[PDB]
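Okay, structure first, notes after.
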Amino acid sequence: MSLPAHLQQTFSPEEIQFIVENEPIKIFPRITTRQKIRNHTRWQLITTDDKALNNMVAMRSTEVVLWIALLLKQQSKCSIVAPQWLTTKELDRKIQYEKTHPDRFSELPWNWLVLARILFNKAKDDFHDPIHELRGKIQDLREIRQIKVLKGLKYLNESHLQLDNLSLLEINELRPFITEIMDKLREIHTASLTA
Amino acid sequence: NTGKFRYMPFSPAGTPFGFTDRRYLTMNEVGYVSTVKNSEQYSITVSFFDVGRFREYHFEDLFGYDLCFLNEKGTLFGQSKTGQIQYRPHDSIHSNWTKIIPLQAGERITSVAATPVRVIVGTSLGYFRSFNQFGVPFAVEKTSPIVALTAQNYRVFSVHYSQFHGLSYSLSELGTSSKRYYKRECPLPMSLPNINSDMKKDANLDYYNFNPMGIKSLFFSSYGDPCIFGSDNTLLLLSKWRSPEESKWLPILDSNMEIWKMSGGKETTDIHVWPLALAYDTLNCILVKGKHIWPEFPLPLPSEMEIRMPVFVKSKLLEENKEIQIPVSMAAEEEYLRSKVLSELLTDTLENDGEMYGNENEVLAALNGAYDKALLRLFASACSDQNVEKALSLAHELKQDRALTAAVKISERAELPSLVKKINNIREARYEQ
Amino acid sequence: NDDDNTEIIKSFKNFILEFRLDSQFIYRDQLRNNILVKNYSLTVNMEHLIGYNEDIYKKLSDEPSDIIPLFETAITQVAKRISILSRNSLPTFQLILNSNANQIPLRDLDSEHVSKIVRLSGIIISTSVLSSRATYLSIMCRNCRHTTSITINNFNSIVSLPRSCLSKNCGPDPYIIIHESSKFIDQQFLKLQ
Amino acid sequence: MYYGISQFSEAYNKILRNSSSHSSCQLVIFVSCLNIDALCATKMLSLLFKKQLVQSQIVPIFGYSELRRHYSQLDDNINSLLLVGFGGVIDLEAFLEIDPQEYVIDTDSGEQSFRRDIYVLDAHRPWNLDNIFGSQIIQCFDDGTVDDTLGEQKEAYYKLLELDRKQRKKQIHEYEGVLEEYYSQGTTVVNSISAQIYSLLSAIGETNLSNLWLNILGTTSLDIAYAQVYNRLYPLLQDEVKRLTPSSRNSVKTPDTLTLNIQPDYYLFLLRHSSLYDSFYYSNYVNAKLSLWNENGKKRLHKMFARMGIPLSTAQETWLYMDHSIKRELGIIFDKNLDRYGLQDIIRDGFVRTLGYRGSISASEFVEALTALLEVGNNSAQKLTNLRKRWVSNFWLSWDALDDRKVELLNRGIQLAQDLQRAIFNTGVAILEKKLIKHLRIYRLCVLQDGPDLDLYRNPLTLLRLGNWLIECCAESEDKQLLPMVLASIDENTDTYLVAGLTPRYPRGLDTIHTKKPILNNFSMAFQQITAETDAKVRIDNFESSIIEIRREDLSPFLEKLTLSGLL
Ligand SMILES: [Zn+2]
């Protein structure tokens, strides 16, 4: 049919990256589009705010949508600023939180995996911390969060489930299993309750 | 007769060689310059932040330059001993030239500067030799020994130090056709490193050898306000620099205090600030983490710090002893001070320098709104103590009349019926003012 | 010898944790996937071990029968770290090596190559039935009933029950194996032609 | 001169102004396949134009006929043409049928502009004076030779151009003699295109470690046949490596560090990817210095290995698994026991790049892998075109090998390089045992008529590899005087030969006054002159001028006329 089988009820990871790329990020421009007091074509986009793009001043931090920050970072015309949660100190704090509370997930942003991957691939030289350590802490967080998920998929009842603080990519990859096992355990229950 | 007598060459935001071949000659707001030894001589590399108007280049160097200075139209190179200076405009329409400075016994070039009107070379003896853009000399003058230089588009700012006259600055605007002076050898409040130089320091000895006076940079502002950074780690602005009688040295930032209040509570010393430029609360400075004060070849991202007055009292800040909590009573007062100084600075450039970006009026209006909001908060705080005279005195500085009506409401609501009549009288006086 | 053993264990632990070729920690992922399907092992390539830190490879190829148990201990510790929520009973993982060294002909294995790592080819002509080698050997003193435990590495140097009561004399050989509390592993004898 | 060193940025800016439009793709880069230097130069250009988002098309062209056909097919919208690795030795405006009056727009006002610009970019020194001096459409990226060593030719060309009694006629002949002596010169190579484009990048300021590595690869591609050029360009690369390497030395290795290093890189064959014994055995230089082709050479090699104290079992072990005791003492052992056999030139300094945990690799090994991928990566006028198609296709395999994410292709290239060197060694010992090289007083002919794997040598690169093997072997023989060599290889399917006139060279590491003067390959003019008369179905289309395809029956009369030809 119109929509392929693997896109039926889930999002392909490319679509998750597409969704994440619409979030604003803070950049240090390497150009200056701010018209002086004393021609030029303005952005005038339709799905975001062009105000922060027509007023870029070199080495003056602004906020632009991520898919534009990446487009400028394709050249040497900007420098993506890593979010505060993507530092070694904060990653260590989150890892300690995960190791301290074995029943609930840490408060990482919903796009932490996708943003980490995108920034590590396209902005590998804009981190105040060694990227070889940020990768090693992102992987550690992913491992701990995977251990907690496998021990909660052991609570797949037929009423509901509270996956608090879970990210977006993790939810996306767990959707076809959780939402298809709970459906079967609900069909069994409703068949039993046919009286 | 030693130590501070060594007029060793200095360029803005310089760097020592340290334990490697990489050295940063200059870090202006428009780029940085690095040198690496090819096992027998240096190869200069000049990079620019605003990629889109300039293009970085690297060239073989045989003289082993020690001084550099970057403008928006050209960069100038200098040498410490036998100081043959070289000036090279970025654009190819202007041809670069080299010149040999008159060197005497014990003489050594300390700092160099350039300006689209004239190019200025320093001298340990205290000479003020100047040339045109193309190298032809214009005038030779002798002053107190120049130790640093930094120039804006048309204005030149220098600090003169001597063992007898002390640290004296001088802000001279050469101008296109009018050499209008604004200061000359005036005393300055920068604290030279003396106690910290008494053989008690770790890894700072090499940097102090590189720069005896420890002054990290003399960068301007986006509106021409001179700024000073050094060992004390506090910015020094010239608020009313237009009038020589109105000279004002205001410490606008406190690096150590801000670092402590953002570090979680520890008095961390492993964080060092290398300022590059300031533009309306936007201080761009590399925050190196480690035992080495100067950065490395992969220059880190210029993280931005905001200006903060040294009004933060430790006694008040240690209310929650260990996201450091801030006393709300003093936070609003500090915001008031910041808005006041920023409005005063903007007004100076409003009528004189004219509009710069087309939004100075709007940002000034928003700043004035915040200025009166801080006054309203302080008025409410004074009313909380049932001090009617305190609120009355604070209400005379209100600018917007709508803020004064809000003050009337605060007086009529904060258990102060007596303040109602006085604030209403102030408002009625403002009717005719 | 405790300090050197701990240093070797920590080094190979860091090899497991930190090694990655391009954006993927190969051995962390392999260890987790192996644990998921109850495959308590880790197939470690030797080019990767050489490239990571050649000193570790030199130590391994010098005295394999003494270093490999340490590497198995490091693998077990990493497995506990990355598959168990802090605050056990996990078997000692097995190290499976993959090498591309030059193959030594089966007849060329002589007095030298003894205790070395050799890669060779042949055709299997016989496979024994599975034996049972003990790893955890719960043991009890015959007279004073002093129950203790022994852990076996199964890499013969070139261990036996203690010849002491080890906490009245209890005799020279006072230990009898408790077979209902021991843990065994299966071992098979091949025959290469 | 047309474009000097100091004004490459002018050419780059002109290209940007003319064809940096995101609307369409107005830039086309013509690259000569079967040339590692051109491959690295085109990779540099591809990366540079990717940074500036300049849409471009890269076409691998094998021969001049393909160039002419593509230019005829070329649309008029494309207003910027780059010829990489060729075009500098022929009358391109005449060859492509170019008349400036049909390509000129806005003639006015002392200036001229054209609707299409062709930038030739190669290193072969016989610059065509009608290209470097008498054409505005054709723009040549000179390396400084023309502005310094072509003053007399410039004057001679301009006087004849402007002048269209007895003194006038005498002076014209005198000037025309200057032009003629400029021609009738062998085609050499003075510079590397990769170094030229890296100089352009240094002017623009886009230099980085990847571009420096491509420059090193392009330069090291010249070390086998033009060692004087490589030795000339080596100090610049050595300085650049020091300039670009970060100051954070002696740091711990991390899975992301890329390190260009200048460390002892012995002049062996794939030392790090094969056994030590195989590195000595298959080396061209070691073979020349020891004559391993005969039976006694292997005994000499075994005796050398025993002398150094390296067991044959350890010597034949793969380099990764060689015991760290021996592998860490290679420098000392080579110092002690190499001057005895005359292999002191084996010890050398090269560039070695390690990418994190993936193990070291030197530029010498990398270019051998790239060359192998070019050679064997994947009635008569049609099968030959199929060969050209496969040869063009191999260019993209060698191109993809450069990417760091395709190491599984570089390893395949290494394996192919080992196999091809083995085949070259086998054919060389077959040629030198049967004494197939017929010594002459003009040129030492050698024709491959029959044998194994003879289909490998229809590729010009493999034939040049075998020729370099033979020439290295002959160069170290004092009795054999220097003389050009000719290789041929019959293609049974097409019933055609592949004559590849080579050039002799002095022994490696021997620096004398006559060594300083380069040897010039005179076969191009001889082949063209012989083909112009006496029609013999010769196909002279290769950018490598001294390579032709000749019919099986017409080979012998062609060689007879070439013997009668005193041009070379
Ligand atoms: Zn006992």
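How things are named: the first chain in the structure tokens is A, the next is B, and so on; residues count from 1 in each chain; ligands count from 1 in the order shown.
Using only C-alpha atoms, the chain B residues found within 9 Å of chain D amount to residues 20, 21, 22, 35, 36, 37, 38, 39, 43, 47, 55, 56, 57, 58, 59, 296, 297 and 298 of chain B.
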Write to file, as a PDB file, in the first residue's frame, the residues of the selection just made, with N, CA and C atoms.
ATOM      1  N   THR B  20      56.580  23.291  24.266  1.00  0.00           N
ATOM      2  CA  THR B  20      56.257  22.856  22.914  1.00  0.00           C
ATOM      3  C   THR B  20      56.682  23.944  21.938  1.00  0.00           C
ATOM      4  N   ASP B  21      56.462  23.680  20.653  1.00  0.00           N
ATOM      5  CA  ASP B  21      56.840  24.596  19.584  1.00  0.00           C
ATOM      6  C   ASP B  21      55.729  25.568  19.209  1.00  0.00           C
ATOM      7  N   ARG B  22      54.539  25.419  19.781  1.00  0.00           N
ATOM      8  CA  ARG B  22      53.396  26.244  19.415  1.00  0.00           C
ATOM      9  C   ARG B  22      53.325  27.469  20.314  1.00  0.00           C
ATOM     10  N   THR B  35      52.639  30.308  15.855  1.00  0.00           N
ATOM     11  CA  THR B  35      53.955  30.053  15.288  1.00  0.00           C
ATOM     12  C   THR B  35      54.438  28.674  15.708  1.00  0.00           C
ATOM     13  N   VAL B  36      55.041  27.956  14.767  1.00  0.00           N
ATOM     14  CA  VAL B  36      55.648  26.659  15.035  1.00  0.00           C
ATOM     15  C   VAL B  36      57.030  26.629  14.398  1.00  0.00           C
ATOM     16  N   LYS B  37      57.996  26.074  15.123  1.00  0.00           N
ATOM     17  CA  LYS B  37      59.365  25.996  14.637  1.00  0.00           C
ATOM     18  C   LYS B  37      59.528  24.777  13.741  1.00  0.00           C
ATOM     19  N   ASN B  38      60.068  24.984  12.543  1.00  0.00           N
ATOM     20  CA  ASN B  38      60.367  23.866  11.651  1.00  0.00           C
ATOM     21  C   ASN B  38      61.787  23.356  11.877  1.00  0.00           C
ATOM     22  N   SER B  39      62.112  23.150  13.155  1.00  0.00           N
ATOM     23  CA  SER B  39      63.379  22.604  13.635  1.00  0.00           C
ATOM     24  C   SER B  39      64.555  23.540  13.374  1.00  0.00           C
ATOM     25  N   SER B  43      57.260  29.109  11.284  1.00  0.00           N
ATOM     26  CA  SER B  43      56.302  29.244  10.188  1.00  0.00           C
ATOM     27  C   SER B  43      55.020  29.836  10.755  1.00  0.00           C
ATOM     28  N   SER B  47      44.914  32.997  11.432  1.00  0.00           N
ATOM     29  CA  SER B  47      43.542  32.547  11.250  1.00  0.00           C
ATOM     30  C   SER B  47      42.582  33.660  11.638  1.00  0.00           C
ATOM     31  N   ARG B  55      40.468  35.175   4.699  1.00  0.00           N
ATOM     32  CA  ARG B  55      40.911  33.804   4.483  1.00  0.00           C
ATOM     33  C   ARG B  55      42.243  33.603   5.187  1.00  0.00           C
ATOM     34  N   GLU B  56      42.339  32.531   5.968  1.00  0.00           N
ATOM     35  CA  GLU B  56      43.555  32.259   6.716  1.00  0.00           C
ATOM     36  C   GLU B  56      44.705  31.931   5.775  1.00  0.00           C
ATOM     37  N   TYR B  57      45.919  32.243   6.217  1.00  0.00           N
ATOM     38  CA  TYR B  57      47.107  31.966   5.426  1.00  0.00           C
ATOM     39  C   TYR B  57      48.276  31.693   6.355  1.00  0.00           C
ATOM     40  N   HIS B  58      49.231  30.917   5.860  1.00  0.00           N
ATOM     41  CA  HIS B  58      50.458  30.625   6.581  1.00  0.00           C
ATOM     42  C   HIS B  58      51.638  30.828   5.645  1.00  0.00           C
ATOM     43  N   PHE B  59      52.709  31.416   6.165  1.00  0.00           N
ATOM     44  CA  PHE B  59      53.874  31.722   5.351  1.00  0.00           C
ATOM     45  C   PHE B  59      55.144  31.367   6.110  1.00  0.00           C
ATOM     46  N   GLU B 296      46.295  25.571  24.066  1.00  0.00           N
ATOM     47  CA  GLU B 296      47.098  24.759  23.162  1.00  0.00           C
ATOM     48  C   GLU B 296      46.769  25.118  21.716  1.00  0.00           C
ATOM     49  N   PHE B 297      47.422  24.423  20.783  1.00  0.00           N
ATOM     50  CA  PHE B 297      47.189  24.692  19.363  1.00  0.00           C
ATOM     51  C   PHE B 297      45.737  24.510  18.945  1.00  0.00           C
ATOM     52  N   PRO B 298      45.043  23.417  19.293  1.00  0.00           N
ATOM     53  CA  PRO B 298      43.612  23.360  18.981  1.00  0.00           C
ATOM     54  C   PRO B 298      42.841  24.309  19.882  1.00  0.00           C
TER      55      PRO B 298
END
Worksheet item: Taking only C-alpha atoms and all ligand atoms into account, which residues are within 10 Å of ligand 1, as an MDAnalysis selection string?
Response: chainID C and resid 140:147 164:175
Atoms kept (N, CA, C and O atoms) for selection, written as a tab-separated table (two decimals), in the first residue's frame:
chain	number	residue	atom	x	y	z
C	140	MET	N	35.65	-29.88	52.50
C	140	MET	CA	35.41	-29.93	53.94
C	140	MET	C	36.47	-30.78	54.61
C	140	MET	O	36.84	-31.84	54.11
C	141	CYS	N	36.96	-30.30	55.75
C	141	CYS	CA	37.95	-31.05	56.51
C	141	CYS	C	37.32	-32.30	57.11
C	141	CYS	O	36.19	-32.28	57.60
C	142	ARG	N	38.07	-33.40	57.07
C	142	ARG	CA	37.52	-34.69	57.48
C	142	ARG	C	37.22	-34.73	58.98
C	142	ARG	O	36.18	-35.24	59.39
C	143	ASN	N	38.12	-34.19	59.80
C	143	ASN	CA	37.99	-34.32	61.25
C	143	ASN	C	37.28	-33.12	61.87
C	143	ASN	O	36.24	-33.28	62.52
C	144	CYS	N	37.82	-31.92	61.69
C	144	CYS	CA	37.27	-30.73	62.33
C	144	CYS	C	36.18	-30.06	61.51
C	144	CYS	O	35.67	-29.02	61.93
C	145	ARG	N	35.82	-30.62	60.36
C	145	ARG	CA	34.71	-30.13	59.54
C	145	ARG	C	34.88	-28.65	59.18
C	145	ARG	O	33.93	-27.87	59.23
C	146	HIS	N	36.11	-28.27	58.82
C	146	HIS	CA	36.40	-26.90	58.42
C	146	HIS	C	36.12	-26.78	56.92
C	146	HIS	O	36.98	-27.05	56.09
C	147	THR	N	34.91	-26.37	56.59
C	147	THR	CA	34.51	-26.23	55.20
C	147	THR	C	35.11	-24.96	54.59
C	147	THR	O	35.04	-23.88	55.19
C	164	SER	N	47.00	-29.88	54.23
C	164	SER	CA	46.97	-29.33	55.61
C	164	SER	C	45.53	-29.18	56.08
C	164	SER	O	44.66	-28.93	55.24
C	165	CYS	N	45.30	-29.29	57.39
C	165	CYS	CA	43.94	-29.06	57.93
C	165	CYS	C	43.53	-27.62	57.63
C	165	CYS	O	42.32	-27.34	57.62
C	166	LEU	N	44.51	-26.75	57.41
C	166	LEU	CA	44.22	-25.33	57.07
C	166	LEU	C	43.10	-24.83	57.98
C	166	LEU	O	42.16	-24.21	57.46
C	167	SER	N	43.20	-25.11	59.29
C	167	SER	CA	42.18	-24.63	60.26
C	167	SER	C	40.83	-25.29	59.98
C	167	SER	O	40.84	-26.47	59.58
C	168	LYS	N	43.33	-32.72	66.52
C	168	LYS	CA	43.53	-31.34	66.12
C	168	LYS	C	44.44	-31.26	64.90
C	168	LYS	O	44.28	-30.37	64.05
C	169	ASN	N	45.38	-32.19	64.81
C	169	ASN	CA	46.28	-32.24	63.66
C	169	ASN	C	45.51	-32.51	62.37
C	169	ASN	O	45.85	-31.97	61.31
C	170	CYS	N	44.47	-33.34	62.45
C	170	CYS	CA	43.57	-33.71	61.36
C	170	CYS	C	44.24	-34.53	60.27
C	170	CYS	O	43.57	-34.90	59.30
C	171	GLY	N	45.52	-34.84	60.40
C	171	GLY	CA	46.19	-35.69	59.44
C	171	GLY	C	46.81	-34.92	58.29
C	171	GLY	O	46.71	-33.69	58.21
C	172	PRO	N	47.46	-35.64	57.37
C	172	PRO	CA	48.13	-34.97	56.25
C	172	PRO	C	47.18	-34.57	55.13
C	172	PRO	O	47.38	-33.53	54.49
C	173	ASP	N	46.15	-35.37	54.88
C	173	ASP	CA	45.18	-35.12	53.81
C	173	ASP	C	43.79	-35.17	54.41
C	173	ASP	O	43.06	-36.15	54.25
C	174	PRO	N	43.38	-34.11	55.11
C	174	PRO	CA	42.10	-34.12	55.82
C	174	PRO	C	40.90	-33.62	55.02
C	174	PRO	O	39.86	-33.36	55.63
C	175	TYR	N	41.01	-33.49	53.71
C	175	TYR	CA	39.98	-32.85	52.90
C	175	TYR	C	39.27	-33.86	52.01
C	175	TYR	O	39.91	-34.65	51.32
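Distances here use only C-alpha atoms; by that measure, the residue among A:91, A:134, A:108, A:57 closest to chain C is A:134.
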Practice prompt. Within 10 Å of stretch 5-16 of chain C, counting only C-alpha atoms, which residues show up once you throw out same-chain ones fewer than 4 positions away? Write them as a PyMOL selection string, please.
Written response: chain C and resi 1+20+25-31+42+44+48-49+52-53+56+59-60+66-79
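All chain B residues having an atom within 6 Å of chain A, based on only C-alpha atoms, amount to residues 49, 50, 51, 52 and 357 of chain B.
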Quick one: which chain C residues come within 12 Å of chain D, and what is the nearest atom pair for each with the distance in Å to one decimal, counting only C-alpha atoms, rows ordered by chain and ascending number, as JSON lines?
{"residue": "C:15", "atom": "CA", "partner": "D:357", "partner_atom": "CA", "distance": 11.3}
{"residue": "C:18", "atom": "CA", "partner": "D:255", "partner_atom": "CA", "distance": 8.4}
{"residue": "C:19", "atom": "CA", "partner": "D:255", "partner_atom": "CA", "distance": 7.2}
{"residue": "C:20", "atom": "CA", "partner": "D:255", "partner_atom": "CA", "distance": 6.3}
{"residue": "C:21", "atom": "CA", "partner": "D:255", "partner_atom": "CA", "distance": 6.5}
{"residue": "C:22", "atom": "CA", "partner": "D:255", "partner_atom": "CA", "distance": 7.7}
{"residue": "C:23", "atom": "CA", "partner": "D:255", "partner_atom": "CA", "distance": 8.8}
{"residue": "C:24", "atom": "CA", "partner": "D:255", "partner_atom": "CA", "distance": 10.3}
{"residue": "C:25", "atom": "CA", "partner": "D:255", "partner_atom": "CA", "distance": 10.0}
{"residue": "C:26", "atom": "CA", "partner": "D:255", "partner_atom": "CA", "distance": 11.9}
{"residue": "C:46", "atom": "CA", "partner": "D:321", "partner_atom": "CA", "distance": 9.3}
{"residue": "C:47", "atom": "CA", "partner": "D:320", "partner_atom": "CA", "distance": 7.6}
{"residue": "C:48", "atom": "CA", "partner": "D:357", "partner_atom": "CA", "distance": 7.4}
{"residue": "C:49", "atom": "CA", "partner": "D:357", "partner_atom": "CA", "distance": 9.3}
{"residue": "C:50", "atom": "CA", "partner": "D:320", "partner_atom": "CA", "distance": 7.7}
{"residue": "C:51", "atom": "CA", "partner": "D:357", "partner_atom": "CA", "distance": 5.2}
{"residue": "C:52", "atom": "CA", "partner": "D:357", "partner_atom": "CA", "distance": 5.6}
{"residue": "C:53", "atom": "CA", "partner": "D:357", "partner_atom": "CA", "distance": 8.8}
{"residue": "C:54", "atom": "CA", "partner": "D:324", "partner_atom": "CA", "distance": 8.5}
{"residue": "C:55", "atom": "CA", "partner": "D:324", "partner_atom": "CA", "distance": 9.0}
{"residue": "C:56", "atom": "CA", "partner": "D:324", "partner_atom": "CA", "distance": 11.5}
{"residue": "C:57", "atom": "CA", "partner": "D:321", "partner_atom": "CA", "distance": 9.5}
{"residue": "C:58", "atom": "CA", "partner": "D:324", "partner_atom": "CA", "distance": 7.1}
{"residue": "C:59", "atom": "CA", "partner": "D:324", "partner_atom": "CA", "distance": 10.6}
{"residue": "C:61", "atom": "CA", "partner": "D:323", "partner_atom": "CA", "distance": 9.1}
{"residue": "C:62", "atom": "CA", "partner": "D:323", "partner_atom": "CA", "distance": 9.8}
{"residue": "C:99", "atom": "CA", "partner": "D:321", "partner_atom": "CA", "distance": 9.3}
{"residue": "C:100", "atom": "CA", "partner": "D:321", "partner_atom": "CA", "distance": 8.4}
{"residue": "C:101", "atom": "CA", "partner": "D:321", "partner_atom": "CA", "distance": 6.1}
{"residue": "C:102", "atom": "CA", "partner": "D:317", "partner_atom": "CA", "distance": 6.0}
{"residue": "C:103", "atom": "CA", "partner": "D:317", "partner_atom": "CA", "distance": 9.4}
{"residue": "C:104", "atom": "CA", "partner": "D:313", "partner_atom": "CA", "distance": 9.5}
{"residue": "C:105", "atom": "CA", "partner": "D:313", "partner_atom": "CA", "distance": 11.8}
{"residue": "C:108", "atom": "CA", "partner": "D:313", "partner_atom": "CA", "distance": 10.9}
{"residue": "C:116", "atom": "CA", "partner": "D:323", "partner_atom": "CA", "distance": 12.0}
{"residue": "C:117", "atom": "CA", "partner": "D:321", "partner_atom": "CA", "distance": 11.3}
{"residue": "C:118", "atom": "CA", "partner": "D:321", "partner_atom": "CA", "distance": 11.5}
{"residue": "C:119", "atom": "CA", "partner": "D:321", "partner_atom": "CA", "distance": 11.6}
Practice prompt. With a cut-off of 10 Å and counting only C-alpha atoms, select all residues of chain A in contact with chain D and give the selection as an MDAnalysis selection string.
Written response: chainID A and resid 74:76 130:133
Report as a tab-separated table (two decimals) with N, CA and C atoms, in the first residue's frame the set of chain C residues whose atoms approach chain A to within 8 Å, with distances computed over only C-alpha atoms.
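What follows is the written file iface.tsv:
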chain	number	residue	atom	x	y	z
C	18	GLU	N	37.31	0.14	26.49
C	18	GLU	CA	37.65	1.31	25.69
C	18	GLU	C	37.85	1.03	24.21
C	23	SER	N	33.26	4.29	16.06
C	23	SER	CA	32.00	4.66	16.70
C	23	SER	C	31.30	3.51	17.41
C	82	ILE	N	28.49	-4.47	33.22
C	82	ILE	CA	27.62	-4.03	32.13
C	82	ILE	C	26.38	-4.91	31.98
C	83	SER	N	26.15	-5.84	32.90
C	83	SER	CA	24.93	-6.63	32.83
C	83	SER	C	24.25	-6.85	34.18
C	84	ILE	N	24.75	-6.26	35.26
C	84	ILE	CA	24.17	-6.42	36.58
C	84	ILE	C	24.05	-5.04	37.22
C	85	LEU	N	22.88	-4.74	37.77
C	85	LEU	CA	22.65	-3.45	38.41
C	85	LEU	C	23.28	-3.45	39.80
C	86	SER	N	24.20	-2.51	40.03
C	86	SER	CA	24.89	-2.44	41.31
C	86	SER	C	23.91	-2.14	42.43
Item to complete: Give the strand (DSSP E) residues of stretch 39-114 of chain C, as assigned by DSSP on the backbone, as a PyMOL selection string.
Response: chain C and resi 41-45+94-98
Just N, CA and C atoms for this one: save the residues we selected as an mmCIF file, in the first residue's frame.
data_model
loop_
_atom_site.group_PDB
_atom_site.id
_atom_site.type_symbol
_atom_site.label_atom_id
_atom_site.label_comp_id
_atom_site.auth_asym_id
_atom_site.auth_seq_id
_atom_site.Cartn_x
_atom_site.Cartn_y
_atom_site.Cartn_z
ATOM 1 N N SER C 41 31.037 -16.132 27.049
ATOM 2 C CA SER C 41 32.345 -16.184 26.412
ATOM 3 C C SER C 41 32.608 -14.835 25.761
ATOM 4 N N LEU C 42 33.759 -14.726 25.105
ATOM 5 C CA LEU C 42 34.111 -13.506 24.385
ATOM 6 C C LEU C 42 35.183 -13.863 23.369
ATOM 7 N N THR C 43 34.854 -13.750 22.086
ATOM 8 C CA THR C 43 35.789 -14.075 21.011
ATOM 9 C C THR C 43 36.628 -12.839 20.732
ATOM 10 N N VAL C 44 37.866 -12.841 21.212
ATOM 11 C CA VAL C 44 38.743 -11.682 21.122
ATOM 12 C C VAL C 44 39.706 -11.890 19.965
ATOM 13 N N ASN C 45 39.673 -10.983 18.999
ATOM 14 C CA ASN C 45 40.645 -11.001 17.923
ATOM 15 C C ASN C 45 42.000 -10.536 18.441
ATOM 16 N N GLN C 94 34.750 -17.371 29.382
ATOM 17 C CA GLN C 94 35.778 -18.063 28.620
ATOM 18 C C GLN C 94 36.308 -17.142 27.537
ATOM 19 N N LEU C 95 37.626 -17.114 27.376
ATOM 20 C CA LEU C 95 38.273 -16.298 26.358
ATOM 21 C C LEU C 95 38.569 -17.164 25.142
ATOM 22 N N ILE C 96 38.029 -16.774 23.993
ATOM 23 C CA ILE C 96 38.236 -17.478 22.735
ATOM 24 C C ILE C 96 39.038 -16.563 21.826
ATOM 25 N N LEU C 97 40.218 -17.009 21.423
ATOM 26 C CA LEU C 97 41.127 -16.177 20.653
ATOM 27 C C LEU C 97 41.005 -16.464 19.165
ATOM 28 N N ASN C 98 41.194 -15.418 18.369
ATOM 29 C CA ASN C 98 41.267 -15.523 16.921
ATOM 30 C C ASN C 98 42.576 -14.896 16.478
#
Worksheet item: Near stretch 472-477 of chain D, within 6 Å and counting only C-alpha atoms, which residues show up once chain neighbours fewer than 2 positions away are dropped, as a ChimeraX atom specification?
Response: /D:288,468-470,479-480,506-507
Residues near residue B:313, anyone? I mean within 10 Å using only C-alpha atoms, not counting same-chain ones fewer than 4 positions away, as an mmCIF file with N, CA and C atoms, in the first residue's frame.
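So around.cif came out as:
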data_model
loop_
_atom_site.group_PDB
_atom_site.id
_atom_site.type_symbol
_atom_site.label_atom_id
_atom_site.label_comp_id
_atom_site.auth_asym_id
_atom_site.auth_seq_id
_atom_site.Cartn_x
_atom_site.Cartn_y
_atom_site.Cartn_z
ATOM 1 N N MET B 257 35.189 35.335 41.148
ATOM 2 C CA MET B 257 33.910 35.244 41.846
ATOM 3 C C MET B 257 32.868 34.539 40.989
ATOM 4 N N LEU B 317 26.727 35.324 50.366
ATOM 5 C CA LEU B 317 26.683 34.191 49.445
ATOM 6 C C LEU B 317 26.837 32.845 50.145
ATOM 7 N N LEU B 318 27.450 32.807 51.331
ATOM 8 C CA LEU B 318 27.563 31.577 52.107
ATOM 9 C C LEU B 318 26.376 31.349 53.034
ATOM 10 N N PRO B 327 21.536 35.771 46.880
ATOM 11 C CA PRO B 327 20.596 36.560 47.693
ATOM 12 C C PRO B 327 19.751 37.461 46.807
ATOM 13 N N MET B 330 20.224 41.274 47.107
ATOM 14 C CA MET B 330 21.374 41.871 46.445
ATOM 15 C C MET B 330 21.404 41.598 44.946
#
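Here atom CA of residue A:48 and atom CA of residue A:114 stand 20.7 Å from one another.
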Item to complete: Would you mind listing what lies within 7 Å of residue D:548 as a PyMOL selection string, with only C-alpha atoms counted and same-chain residues fewer than 6 positions away left out?
Response: chain D and resi 498-500+538-540
